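**Student:** Requesting a structural model of the entry that follows:
(8 chains, ligands or ions: 13)
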Amino acid sequence: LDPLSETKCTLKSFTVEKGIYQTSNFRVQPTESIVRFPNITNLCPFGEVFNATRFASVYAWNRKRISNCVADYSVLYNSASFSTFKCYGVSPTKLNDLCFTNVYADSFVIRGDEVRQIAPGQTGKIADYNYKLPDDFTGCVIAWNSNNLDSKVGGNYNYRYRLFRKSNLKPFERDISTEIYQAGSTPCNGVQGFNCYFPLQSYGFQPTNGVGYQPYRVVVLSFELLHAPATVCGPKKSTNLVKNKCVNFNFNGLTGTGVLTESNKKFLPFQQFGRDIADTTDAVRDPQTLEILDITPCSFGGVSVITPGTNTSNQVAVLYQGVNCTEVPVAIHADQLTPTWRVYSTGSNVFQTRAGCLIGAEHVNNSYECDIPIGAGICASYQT
Amino acid sequence: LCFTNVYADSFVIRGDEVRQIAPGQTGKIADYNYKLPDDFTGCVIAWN
Amino acid sequence: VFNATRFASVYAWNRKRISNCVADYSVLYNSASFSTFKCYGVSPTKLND
Amino acid sequence: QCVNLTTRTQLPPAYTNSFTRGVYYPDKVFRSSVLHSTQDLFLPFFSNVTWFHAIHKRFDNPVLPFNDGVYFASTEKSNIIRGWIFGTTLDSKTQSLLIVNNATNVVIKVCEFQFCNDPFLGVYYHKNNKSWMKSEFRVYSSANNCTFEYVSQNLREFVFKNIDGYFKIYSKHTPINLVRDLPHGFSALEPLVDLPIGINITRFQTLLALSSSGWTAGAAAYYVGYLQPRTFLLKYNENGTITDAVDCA
Amino acid sequence: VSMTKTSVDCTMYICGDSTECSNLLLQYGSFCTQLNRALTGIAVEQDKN
Amino acid sequence: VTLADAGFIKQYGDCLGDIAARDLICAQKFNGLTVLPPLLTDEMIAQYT
Amino acid sequence: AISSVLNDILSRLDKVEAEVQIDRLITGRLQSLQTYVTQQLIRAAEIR
Amino acid sequence: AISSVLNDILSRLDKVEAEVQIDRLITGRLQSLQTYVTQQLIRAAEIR
Ligand SMILES: *[C@@H]1O[C@H](CO)[C@@H](O[C@@H]2O[C@H](CO)[C@@H](O[C@H]3O[C@H](CO)[C@@H](O)[C@H](O)[C@@H]3O)[C@H](O)[C@H]2NC(C)=O)[C@H](O)[C@H]1NC(C)=O
Ligand SMILES: *[C@@H]1O[C@H](CO)[C@@H](O[C@@H]2O[C@H](CO)[C@@H](O[C@H]3O[C@H](CO)[C@@H](O)[C@H](O)[C@@H]3O)[C@H](O)[C@H]2NC(C)=O)[C@H](O)[C@H]1NC(C)=O
Ligand SMILES: *[C@@H]1O[C@H](CO)[C@@H](O[C@@H]2O[C@H](CO)[C@@H](O[C@H]3O[C@H](CO)[C@@H](O)[C@H](O)[C@@H]3O)[C@H](O)[C@H]2NC(C)=O)[C@H](O)[C@H]1NC(C)=O
Ligand SMILES: *[C@@H]1O[C@H](CO)[C@@H](O[C@@H]2O[C@H](CO)[C@@H](O)[C@H](O)[C@H]2NC(C)=O)[C@H](O)[C@H]1NC(C)=O
Ligand SMILES: *[C@@H]1O[C@H](CO)[C@@H](O[C@@H]2O[C@H](CO)[C@@H](O)[C@H](O)[C@H]2NC(C)=O)[C@H](O)[C@H]1NC(C)=O
Ligand SMILES: *[C@@H]1O[C@H](CO)[C@@H](O)[C@H](O)[C@H]1NC(C)=O
Ligand SMILES: *[C@@H]1O[C@H](CO)[C@@H](O)[C@H](O)[C@H]1NC(C)=O
Ligand SMILES: *[C@@H]1O[C@H](CO)[C@@H](O)[C@H](O)[C@H]1NC(C)=O
Ligand SMILES: *[C@@H]1O[C@H](CO)[C@@H](O)[C@H](O)[C@H]1NC(C)=O
Ligand SMILES: *[C@@H]1O[C@H](CO)[C@@H](O)[C@H](O)[C@H]1NC(C)=O
Ligand SMILES: *[C@@H]1O[C@H](CO)[C@@H](O)[C@H](O)[C@H]1NC(C)=O
Ligand SMILES: *[C@@H]1O[C@H](CO)[C@@H](O)[C@H](O)[C@H]1NC(C)=O
Ligand SMILES: *[C@@H]1O[C@H](CO)[C@@H](O)[C@H](O)[C@H]1NC(C)=O
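**Tutor:** Residues are numbered from 1 along each chain as shown, chains lettered A, B, ... in the order given. Ligands and ions are numbered 1, 2, ... in the order given. Here you go, the structure:
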């Protein structure tokens, strides 16, 4: 309702004694979003990724790279055909709002029961000996039954994997190695022997197989983000850049709130973010046109309320600490001030102190004892 | 436990869509036919 | 278990309790006679630990 | 063509002091008037950079290791460093990276190559025209399985790092008035380019300018040193670029 | 004789400009108040000193 | 003595201009850590003294 | 947490799963402030 | 955590659920050190 009732709410008493009190900081809220992405209009090749004529054998898992295109990932989330669409870097409903630096698609087929091994940091012979995501994987895993498209009556034995490996191979590696394994200690020079194995074995994908012994098409879609220039984005539309106004910006999925301004920072042809000492974003290069924008947070500060105490009066005065009085007219209900009251802001008596802008209190040359300490030599009191 | 008020909500689904009837999930029916809240307080039951 | 002179018929398949003792593959697996040694739930090297 | 230019003296390895070089921008973030600490593959300061010559007699082009990451530089005139080969055991059983800068363009090409044993690019030495031209190329005999393609339209220094499928090339140019060594006073190598080539690498070589044998090239020297995982502290000036750097080891 | 007076807002420091974070921070109750109170307690003492 | 300010008129004039990118006092203030002025200014401490 | 930038969590995860990361950041930042306010209260006793 | 012996946790359980068992020990032990350091500062104020 007013700064006095906000102090009563802050103090949990319906009486407030004579003094000065902190309360909630103020800030000015953003009047619009702004969206900024590097305009590109060609769709990403997800039909090529999912509608392949044939998929890899998983020990040879096919690796595709994507760039410079638009991805409406929600189309793929909507396609009810997917028996699993499990996502780690993001919730899948977010994907349309994000931009990525690089996008890699890993593709093969497997028995639908081993889809659990595809999840990051798991174990089991596939996850162990031929394909695995790192601890800090950032993407989605997708799976679907392919019995109709990919079974042969006696089995498409074409789809094989690996039963043997000298050591658990590194994350995101592939191994073509056809070398005979030496499960017993004898050096099995040549192509065969007792205790020696051809290192790969295959699925008899007969159509009569049990659900998940059936052939399942698998893709992992994956990406890295928020440290380098984006090349892929969702379908959202860029909007007019503005300076010297509070805006809920998004540049390349780098969302935030602030006042955009023309940067004097001379970024070389390669960089795209500035970051302040607090590891937090403070400049960005515009993706539509190559200039640098400085980004400052919108105006804010501590409110402190000065009171002669409710026994004496329900008049208060307000200090906006650290604030020059010329920003208090900019604290107007054009946007919702977080302290929602705003009746002192009408002014006629506004005073600038070293501590911040003081409002509601008549400045006078007649000095007195420091009755309520505002700060920096200024005090206040209740008088005719 | 005694309940302050009780509602049986009832309908039919495809078995693949059971996940949608987890408290948080999304996709079609959870999108625009039948939504559970993020703080759903109750129990569910389904049979073929 | 293996060195025994006369086995059962399959129709009469015997079964032993192996308990309170140490069970190596270290001899067993490495005896070159075993034309088959096929393990389903574990790999042959991980039986000892 | 593809031919064994075996006309040379064979010599032992040789070293010089690296001083304070092989620093680079650790990620594509701008920063100014600040001190920042990072853990990355970098060149150990004052370590032994290996030192190599092209003379008349002595064309020092062996096939070095390329483990972890590498720093390369040359003291130059007439632009005799024409490119590099980077690869595994090299026998066409893997992909490998070629880069060259011929008179018209830079080429970057990635195939499972069958490169020549002692490659070069060859140039007519003021033959009647009062000018020089590239006529000869003895670099490979095959390139079937290819997987990436590009072509474009004094001390030179470079960093090559090949991590999680990305071959990152950094660079710098300077003029020189110092007779033969790496200078005091230093700079960070700006990120010239990144190619997403995905390949394993084990080994590398450099491609120089040059009746099948008996040849001459300008007096030049090059320097090779290896990146090591180490912690560094760096400052950015008010213009927002690296101007001092220290290793925590 | 003194040290610099300081205030630190829990809400801006922890949850800065996220509404739903500020709805999460509420679950810890009056800690967000205790930090401001304690800092105000030091700040007043500097003038007393 | 050298100092991280006494709150001297941080009117976003510096904090919003080319400064804000190269000053810990703007990173402090922007993270909700706020230095406050003393009750008594050094002109008044000088007069008591 | 997957990231330290509060807004990068809210622009990568949904309302029901993001709360697990945010609780984290709330835990460690609150531990940070109690560390600071204890350290400052101790100094305040020395300065007094 | 199921054990305070660290080698139990890293041997018996997988990398991504043992990480969850480990953050319990980091968090409890770090609070323990912070309790000792706070207590030592408060003491050292009385010794001063
Ligand atoms: C693999 O290629 C498929 C064939 O192009 C493609 O699936 C097809 O997508 C179109 C829309 O792009 C759908 O066409 C029409 O279907 C219904 C008919 O009632 C309409 O309501 C729609 O509005 C639409 O006009 C097809 O139904 C659909 N066909 C199949 C067999 O799924 C896929 O998108 C590609 N695969 C993936 C996973 O993206
Ligand atoms: C069945 O019982 C057999 C009798 O104990 C046993 O045969 C013995 O097997 C071991 C190897 O495991 C051989 O050990 C010797 O091998 C060579 C011989 O030159 C040396 O290098 C060694 O140091 C060691 O002396 C024995 O020679 C062999 N004895 C006979 C009579 O064949 C089988 O291993 C048992 N098998 C099972 C499955 O129980
Ligand atoms: C990379 O180059 C490779 C060599 O040129 C090439 O591999 C070759 O592929 C053919 C099939 O097109 C194989 O031919 C054999 O196929 C089966 C294999 O068991 C045999 O039954 C046949 O009789 C026939 O001999 C070659 O054996 C194979 N070469 C080698 C050394 O493995 C790859 O296809 C190339 N890769 C790409 C992406 O182009
Ligand atoms: C409060 O803000 C205003 C606007 O920036 C300040 O006014 C400027 O003051 C400087 C210094 O005296 C002058 O050079 C400018 O010409 C003034 N500009 C305008 C538009 O009037 C004001 O002085 C600030 N308060 C303080 C204490 O600096
Ligand atoms: C270059 O000289 C080398 C020997 O120094 C030749 O390499 C041999 O080539 C044959 C096949 O022609 C192989 O069977 C040998 O094993 C190779 N030996 C070595 C040490 O590599 C090579 O043929 C010569 N090439 C040219 C173009 O003359
Ligand atoms: C955005 O569109 C304009 C007009 O065609 C173009 O000048 C600009 O370069 C585009 N943005 C990008 C990233 O190319
Ligand atoms: C204000 O305080 C005085 C002293 O306790 C008391 O006499 C007076 O009644 C109080 N005011 C009200 C409205 O009660
Ligand atoms: C205070 O004195 C100044 C001059 O020093 C004058 O501008 C101002 O009007 C005076 N105000 C009062 C209320 O005396
Ligand atoms: C550099 O190489 C020389 C041998 O030429 C060796 O004596 C010296 O110790 C080496 N220094 C370092 C730091 O490796
Ligand atoms: C790269 O090739 C070498 C030489 O054959 C080999 O030892 C190494 O394991 C390979 N590394 C990778 C990452 O494939
Ligand atoms: C530069 O390299 C490419 C590929 O080898 C070649 O086609 C082109 O002709 C070369 N330029 C010259 C001047 O030889
Ligand atoms: C002189 O230059 C031309 C190209 O302009 C070239 O064809 C000719 O071979 C050159 N002369 C010699 C001796 O190579
Ligand atoms: C740094 O900026 C100033 C002002 O533009 C300029 O004089 C100086 O030459 C610049 N140096 C570099 C390396 O940018």
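**Student:** How about residue G:16, nearest residue that isn't a chain neighbour?
**Tutor:** Closest residue to residue G:16 apart from its sequence neighbours, by CB to CB, 6 or more residues apart in numbering or on different chains: residue B:24 at 3.7 Å. From N, CA and C alone the C-beta is placed, and that goes for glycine too.
**Student:** hang on, isn't that neighbour packed against residue B:38?
**Tutor:** Yes - Residue B:24 is within contact range of residue B:38, at 6.2 Å (criterion: CB atoms under 8 Å).
**Student:** who's more crowded, the two?
**Tutor:** residue B:24 (15 against 11; other CB atoms under 10 Å in any protein chain shown).
**Student:** I'd assumed the more buried one was in a strand, is it?
**Tutor:** No - under the criterion used here (DSSP: H, G, I helix; E, B strand; the rest coil), residue B:24 is coil, not part of a strand.
**Student:** Over to it: give its phi and psi.
**Tutor:** When quoted as degrees, to the nearest 10, the phi and psi of residue B:24 stand at phi -110, psi -20.
**Student:** thinking again about what came up before, give the contact list for the residue nearest to residue G:16.
**Tutor:** Taking CB atoms under 8 Å, 6 or more residues apart in numbering or on different chains as the criterion, residue B:24 is in contact with B:36, B:38, G:14, G:15, G:16, G:17.
**Student:** Among those, name the buried ones.
**Tutor:** Applying 16 or more other CB atoms under 10 Å in any protein chain shown to those, the neighbour count classes B:36, G:14 as buried.
**Student:** Name the residues contacting each of residue B:24 and residue B:38.
**Tutor:** Here residue B:24 and residue B:38 have G:15, G:16 as joint contacts, going by CB under 8 Å, 6+ apart.
**Student:** hang on, the earlier thing: would you tell me which one of the contacts of residue B:24 comes nearest to ligand 10?
**Tutor:** For ligand 10, the nearest member of the contacts of residue B:24 is residue G:17. The distance, counting by CB to the nearest ligand atom, is 34.4 Å.
**Student:** and that closest one, that one's in a helix?
**Tutor:** Yes - with three-state DSSP as the criterion, residue G:17 is assigned to a helix.
**Student:** The longest helix along chain E vs chain H: in contact?
**Tutor:** Longest helix of chain E, by residue count under DSSP state H: helix E:31-48. No - interface with chain H: helix E:31-48 contributes nothing (CB under 8 Å from any CB of the partner chain), its closest point being 14.1 Å away.
**Student:** now what about that helix, what contacts it?
**Tutor:** The contact list for helix E:31-48, computed with CB under 8 Å, 6+ apart, reads A:22, A:373, E:2-3, E:5-11, E:14, E:25-26, F:36, F:38-40, G:30, G:33-34, G:37, G:40-41, G:44, G:47-48.
**Student:** how far out from the middle of the chain is that helix?
**Tutor:** With CA atoms, centre = their mean, to the nearest Å as the basis, the distance from the averaged C-alpha position of helix E:31-48 to the chain average is 8 Å.
**Student:** what angle sits between it and helix A:3-11?
**Tutor:** On the basis of axes from the mean of the first three to the mean of the last three CA atoms, to 10 degrees, helix E:31-48 is oriented at 110 degrees to helix A:3-11.
**Student:** Report the buried residues of helix E:31-48.
**Tutor:** Those buried within helix E:31-48 under the rule 16+ other CB under 10 Å are E:32, E:35, E:36, E:38, E:39, E:40, E:42, E:43, E:45, E:46.
**Student:** now the residues you listed as a markdown table including distance to residue D:99?
**Tutor:** Output for the buried residues of helix E:31-48, formatted as a markdown table (distance: CB to CB, whole Å):
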| residue | distance to residue D:99 |
| --- | --- |
| E:32 | 58 |
| E:35 | 58 |
| E:36 | 60 |
| E:38 | 62 |
| E:39 | 60 |
| E:40 | 64 |
| E:42 | 63 |
| E:43 | 63 |
| E:45 | 68 |
| E:46 | 65 |
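**Student:** hmm, back to that, out of the contacts of helix E:31-48, list just those in helices.
**Tutor:** Among the contacts of helix E:31-48, the members found in helices (DSSP H) are E:10, E:11, E:14, E:25, G:30, G:33, G:34, G:37, G:40, G:41, G:44, G:47.
**Student:** In this structure the first one contacts residue E:25, no?
**Tutor:** Read it as residue E:10. Yes - using CB under 8 Å, residue E:10 and residue E:25 qualify as a contacting pair, with a distance of 7.1 Å.
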